[PDB]
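Student: FYI, mature numbering (1 follows the signal peptide of the UniProt record, and there is no 0) numbers position 274 of the sequence shown as 274, with every residue one higher than the one before it. For each residue, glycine too, the CB sits at the ideal point set by N, CA and C. My structure is below; once you've seen it, I'll send some questions.
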Amino acid sequence: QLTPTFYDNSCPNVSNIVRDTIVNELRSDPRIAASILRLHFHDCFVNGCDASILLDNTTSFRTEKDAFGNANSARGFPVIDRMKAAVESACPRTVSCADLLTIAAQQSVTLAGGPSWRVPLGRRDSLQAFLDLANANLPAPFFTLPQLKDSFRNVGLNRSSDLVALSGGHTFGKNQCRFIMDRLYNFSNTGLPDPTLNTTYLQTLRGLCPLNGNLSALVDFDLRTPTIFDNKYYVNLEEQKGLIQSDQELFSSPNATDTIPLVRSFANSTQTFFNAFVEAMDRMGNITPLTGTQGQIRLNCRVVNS
Ligand code: HEM
Ligand SMILES: [Ca+2]
Ligand SMILES: [Ca+2]
């Protein structure tokens with residue numbers, strides 16, 4: 001089983017090295033904390049948190065970086081390489097890329113103002129990447145609530161609290177116009193905007209993402225505190241200001257009887273949200289890990305050891 005003390009003897013300073021790397025990167029890229037948390041999420045939803053997402057292409061298997069949910073979206077890979085190299089220098093062949101990314105995600109959340117906790121450790125690295133599985137398992141912004149729930153349950157997270165709390169990751173970070181164009185101009189072939197999108201916010205978003213405009217333009221997930229990890233994300237949902245369809249459905253879907261109370265509870269108390277986020281994060285981080293002698297302690301997160 002995974003344990004927070006896994007490296008307390010072999011690499012006591014791993015968390016500090018990870019933190020230092022992120023602090024340094026944040027000075028030039030304020031979006032990196034968000035990007036790193038998302039990398040961990042996309043790692044865990046595909047064959048578990050096994051650093052499979054970090055692997056590059058080989059002639060035998062395709063990289064998950066070309067999955068619909070990762071291509072021209074997932075970022076921060078060089079930063080992970082940097083901290084990995086630093087950790088390898090401090091403690092040779094000790095910390096797995098899977099664990100490194102987990103610590104990076106937690107440190108990223110804390111650095112952005114979120115809760116601080118010690119993540120369970122002991123994960124090992126995959127011997128292959130899973131592009132098809134990534135295309136099948138990663139949720140999409142156009143998913144209905146039932147589909148979002150299906151996606152989470154498919155990887156092992158049965159609880160609505162898992163879905164609602166982890167969606168809080170959208171309390172910071174960026175989103176491309178491409179993913180909300182339907183909500184803004186033609187939702188579900190209705191020829192009208194998504195009725196669950198606040199009409200005042202609708203105008204603002206249309207200004208940032210005009211029809212036939214730059215689909216790659218970036219918009220903040222959280223209009224209240226774009227780069228701070230806090231519970232404002234849920235306050236937005238209550239006002240119909242969730243940015244993407246999957247955000248707003250947590251509060252407005254006909255199937256949201258179970259998620260609405262969670263959204264309200266997280267909007268009403270930072271402590272309630274933070275506690276639930278840590279609980280959900282550790283649950284996601286416990287998805288089908290390779291442990292013991294399974295897999296490897298990858299030296300270069302981009303390639304399997306040979
Ligand atoms: C519930 C289903 C989810 C869907 C459909 C979803 C969808 C997306 C989409 C469309 C983007 C924008 C990517 C881009 O424009 O390049 C994104 C970004 C992001 N997501 Fe989610 N997401 C989900 C859950 C989560 C979870 C569970 C976390 C982490 C706990 C997370 C963390 C993030 C972060 C922090 C970003 C910003 C990354 C950056 O700015 O580099 N997401 N997500
Ligand atoms: Ca994975
Ligand atoms: Ca925020």
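Taking 7 Å as the cut-off, is the CB of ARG159 close to at least one heavy atom of ligand 1?
Tutor: No.
Student: Which word fits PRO30, buried or exposed, when buried means at least 16 other C-beta atoms lie within 10 angstroms of its C-beta?
Tutor: Exposed, by the Cβ-count rule.
Student: Spatial neighbours of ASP162 within its chain, please: C-beta separation below 8 Å, excluding the five flanking residues on both sides.
Tutor: Around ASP162: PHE152, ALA280, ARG283 and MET284.
Student: Does DSSP put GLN240 in a helix, a strand or coil?
Tutor: Coil at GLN240, not helix or strand.
Student: Would the region 79 to 91 and the region 285 to 305 be scored as touching if the rule is three or more Cβ pairs under 8 Å?
Tutor: As far as the Cβ criterion goes, the region 79 to 91 touches the region 285 to 305, which means the pair count is three or higher.
Student: Compute the Euclidean distance between the alpha carbons of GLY173 and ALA129, then round it to the nearest angstrom.
Tutor: Computed Cα separation, rounded: 26 Å.
Student: Can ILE53 and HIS42 be called in contact, C-beta distance under 8 Å?
Tutor: Their beta carbons are under 8 Å apart, which means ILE53 touches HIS42 by this criterion.
Student: Specify, as a first and last residue, the run of the alpha helix (DSSP H) that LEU2 falls within.
Tutor: Element bounds for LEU2: n/a, residue is neither H nor E.
Student: With distances taken Cα to Cα, identify the nearest neighbour of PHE77 among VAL235, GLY168 and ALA105.
Tutor: For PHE77, the nearest C-alpha among the options comes from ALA105.
Student: With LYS149 as the anchor, note down where its alpha helix (DSSP H) starts and where it stops.
Tutor: Counting along the chain, the alpha helix (DSSP H) containing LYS149 begins and ends at 145 to 155.
Student: Going by DSSP, what residue range makes up the alpha helix (DSSP H) through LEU205?
Tutor: Run containing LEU205: 199 to 208, per the alpha helix (DSSP H) assignment.
Student: Starting from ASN175 and walking both ways along the alpha helix (DSSP H), at which residues does that stretch end?
Tutor: Counting along the chain, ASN175 falls outside any alpha helix (DSSP H), though it belongs to the beta strand (DSSP E) covering 174 to 176.
Student: Quick check: the Cα distance between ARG159 and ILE103, rounded to an integer number of angstroms?
Tutor: Whole-angstrom Cα-Cα distance: 23 Å.
Student: Of all the beta strand (DSSP E) runs that stay within the bounds of the region 73 to 151, which reach a length of 3 or more residues?
Tutor: Counting only runs of 3 or more, we get nothing.
Student: DSSP beta-bridge partners for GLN296?
Tutor: Looking at the DSSP assignment, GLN296 forms a beta bridge with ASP125.
Student: Give the secondary structure of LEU218 by DSSP, where H, G and I count as helix, E and B as strand, and everything else as coil.
Tutor: Of the three classes helix, strand and coil, the one that applies to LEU218 here is strand, per DSSP.
Student: If you compare alpha carbons, which of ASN212, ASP8, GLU238 and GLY242 is closest to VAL219?
Tutor: Nearest C-alpha to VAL219: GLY242.
Student: Using three-state DSSP, classify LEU39 as helix, strand or coil.
Tutor: DSSP places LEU39 in helix when its eight states are reduced to three.
Student: State the CB to CB distance for the pair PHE221 and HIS170, rounded to an integer number of angstroms; the pair is presumed to be in contact (CB under 8 Å).
Tutor: That belief holds up - the Cβ atoms of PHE221 and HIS170 are roughly 4 Å apart, short of 8 Å.
Student: Which residues, in chain order, sit with a beta-carbon under 5 Å away from any heavy atom of ligand 2?
Tutor: Those residues, listed in chain order, are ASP43, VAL46, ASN47, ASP50 and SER52.
Student: Under 8 Å, with one C-beta from each stretch per pair, do the region 176 to 186 and the region 206 to 214 reach the 3-pair mark?
Tutor: Counting Cβ pairs under 8 Å, three or more are found: they touch.
Student: So is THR21 buried or exposed if we call it buried at 16+ other beta carbons inside 10 Å?
Tutor: Classification for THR21: buried.
Student: Measuring CA to CA, which of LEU250, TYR7 and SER269 is closest to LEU145?
Tutor: For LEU145, the nearest C-alpha among the options comes from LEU250.
Student: Is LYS232 near ligand 1, judged by its Cβ being under 7 Å from some heavy atom?
Tutor: It does not: the Cβ of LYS232 is nowhere closer than 7 Å to a heavy atom of ligand 1.
Student: The alpha helix (DSSP H) with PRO261 in it runs from where to where?
Tutor: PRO261 -> alpha helix (DSSP H) spans 260 to 268.
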